[PDB]
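Take a look at the structure tokens below, where one protein chain is shown in two forms, each on its own, as structure 1 and structure 2.
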Structure 1
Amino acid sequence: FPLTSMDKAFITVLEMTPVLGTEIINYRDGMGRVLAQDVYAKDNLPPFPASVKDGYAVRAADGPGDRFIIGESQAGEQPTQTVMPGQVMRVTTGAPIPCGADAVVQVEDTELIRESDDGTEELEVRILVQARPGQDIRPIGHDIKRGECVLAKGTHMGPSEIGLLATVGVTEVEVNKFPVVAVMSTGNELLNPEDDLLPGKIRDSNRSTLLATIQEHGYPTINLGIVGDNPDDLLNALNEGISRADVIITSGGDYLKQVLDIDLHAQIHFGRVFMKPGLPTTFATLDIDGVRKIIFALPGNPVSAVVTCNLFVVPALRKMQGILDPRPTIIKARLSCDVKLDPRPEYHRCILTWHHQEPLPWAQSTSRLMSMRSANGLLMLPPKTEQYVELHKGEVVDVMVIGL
């Protein structure tokens, strides 16, 4: 297979990966989902004019002076009295403004004159200021108007978006589906983690690592187990993956390519990338029954598997789930140590760290405390060149965020 450049490989993954269809879900399951419909309000917020303050709903045209308090409007109740000249109604923040009143005067701008004998009721109050019409009242529809679009299709939902659906009472929404991702490992040397060692064998760690990475991003997964490195077993496992899942990931193992090509008639878009690590990374698509499955065969080395998973698989999954720009976030950071550059673009897991009052983070390449912490970035080193053969501590480089 020819050596594909990193840029060609990445663009190829994004271009060939489909966007999944849509489904209707309950709002509370919306975390990380992308809306496939515009969402409109069916009510005004607030639906009644509401007091912004504790105080009194007044007729501004009465001006300052001594008023009879005819009642109280409290949150959650509809007032039934009309405020007439020389009257006011006590209000609390959020309470509906009664008919007849056109402003609110906050309590600090008043002095109580008389209180019921028992002391439970305010009877008369002096209004010390001249209210302007509308003052301290949130009018109907100030925050949201009926028929307004409050969230657009393409919005990637978090907690506040869920709370907005709640506010407008839209509890069922159309969203893109999440990809189901099947993971298998291939290699005759592999045992399950639960197993004791046997001669010549080691425990499979890549399956757990990859499954955990995908789960961390919120996508459902299928564990396809360890698969013998031979055509028959590979074909059976791939067939199961294709049946159960939208995406299949393998690591290890050239029978894989032979099965994909000759047995499955998949399109293998690249089988080698000019990158370090991850040279042997393979990406294929399969069009079957009107839909497109995507298949990644990652290298068996566990650092390579982790790295290629973050570079190629995660952005594909983000596209599949409807995210409009599925590219990862890249930030600037300072190198923590010198690095000789390789002819290939090189990627290294690191821990981004922000120091007191220093504007750029440091990228620590994986003392006491750093070993307590999971990698949250991928240092992206440029390929070797005439001028640049080495980079030094303190120099600013790109780091892909993969974890903060």
Structure 2
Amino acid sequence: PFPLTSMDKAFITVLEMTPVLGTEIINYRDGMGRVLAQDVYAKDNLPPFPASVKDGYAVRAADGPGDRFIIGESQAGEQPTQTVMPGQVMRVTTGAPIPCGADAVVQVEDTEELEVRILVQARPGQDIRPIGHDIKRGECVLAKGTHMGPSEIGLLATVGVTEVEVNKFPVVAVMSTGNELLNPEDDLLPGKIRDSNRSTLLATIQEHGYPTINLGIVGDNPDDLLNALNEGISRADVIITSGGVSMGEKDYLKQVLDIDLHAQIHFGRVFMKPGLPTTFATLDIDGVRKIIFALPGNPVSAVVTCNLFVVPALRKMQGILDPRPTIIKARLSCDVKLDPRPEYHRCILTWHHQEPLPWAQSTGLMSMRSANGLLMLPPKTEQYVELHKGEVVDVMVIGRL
């Protein structure tokens, strides 16, 4: 039917064929996870005024250690009105401006109040942030392509840039196909099981913070597939389906993608385990490219494939420059024979006491802890028939460490 594709090729194909979404203007407070489509320039210095590091006294460094008159305090929110003559100091708190005449700050611990003995040995500039110390006016504080987190949002806040142009987030629609599926809420009936993949996939893509659309269970037949796919297509950038048959002519999905939607199917089988029966297609509608994944019904396959193919694609749609996952070295916790197909196991990563590498414990097992990574086993070869506990292996990170 469809040729077996190498795992290397399936993955490359998915990234090339996946488009980058366009951009839109958002409020900084919604920047979490967004990629900047612009440079961001600072329009003021930070600090705008010379600012004390310590709670203490602003002093002249020519006056060395000695007894000094305290002329006043520098208030936090205000421009200092007095000026510092030799033999004088002004009380300062952290982040307060330095008055004219002072070139250094001395802590309280190296010492209304009239007079202060100053123990000193202070060098000019000491414990002061000069104007533009942290941020210089007009300089690029964040560059195009930057993938923002809480600090980046803080930076936008700092420099006054409360509206910013970022790539869009993919809207992702998910359905389950199969005549054997009932909703989780239903009681079992003869020959039938509950639909688990829909919830697992929606939760997975939710973890990355993209908006989703639940199309529900869909019957395994041309009429019902074409309706859901069309609805998915008009409402979403990505349409994901789980389950459905692919023996002979009952592959109503691949049949509907090709005949009815005139989509283009880049691969329909991939030499991997689990998830051999995976399909990836694109459909060019009105110049926009929508992307379509048909993952296998097997629940382990669904979550594995979603992570190997879908998330990277969504990361690209979202404007990330390298949407490929982080692969880390880890030490194998349990012996295992190799399959001829490259295999992928949901595993838990633990960094044990003082040990440089984390241990990857395959689930294949009642951990209190959600699966942390995908153990990437290699394919069988004559020099690697099996792998033993302790051996260094590649683990792909799939959620919070």
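Each form is matched to the other, and the largest set of C-alpha atoms that superpose within 1.5 Å is called the rigid core. Every residue number counts along structure 1's sequence, beginning with 1.
Once the rigid core is lined up, just say which one of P133, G169, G218, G158 has a C-alpha that travels 2 Å or more between structures 1 and 2.
Between the two forms, the residue that moves is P133.
Which rotation angle in degrees describes the motion of the smaller rigid part relative to the larger between structures 1 and 2?
Here the smaller part turns by 11 degrees.
For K201, what C-alpha shift in Å is seen between structures 1 and 2 once the core is overlaid?
Core-aligned C-alpha shift comes out at 1.3 Å.
Looking at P79, what is the CA displacement between structures 1 and 2 after core superposition, in angstrom?
After core superposition, the C-alpha of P79 moves 2.1 Å between structures 1 and 2.
Having superposed the rigid core, state how many Å the Cα of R59 shifts between structures 1 and 2.
That residue's C-alpha is offset by 4.9 Å.
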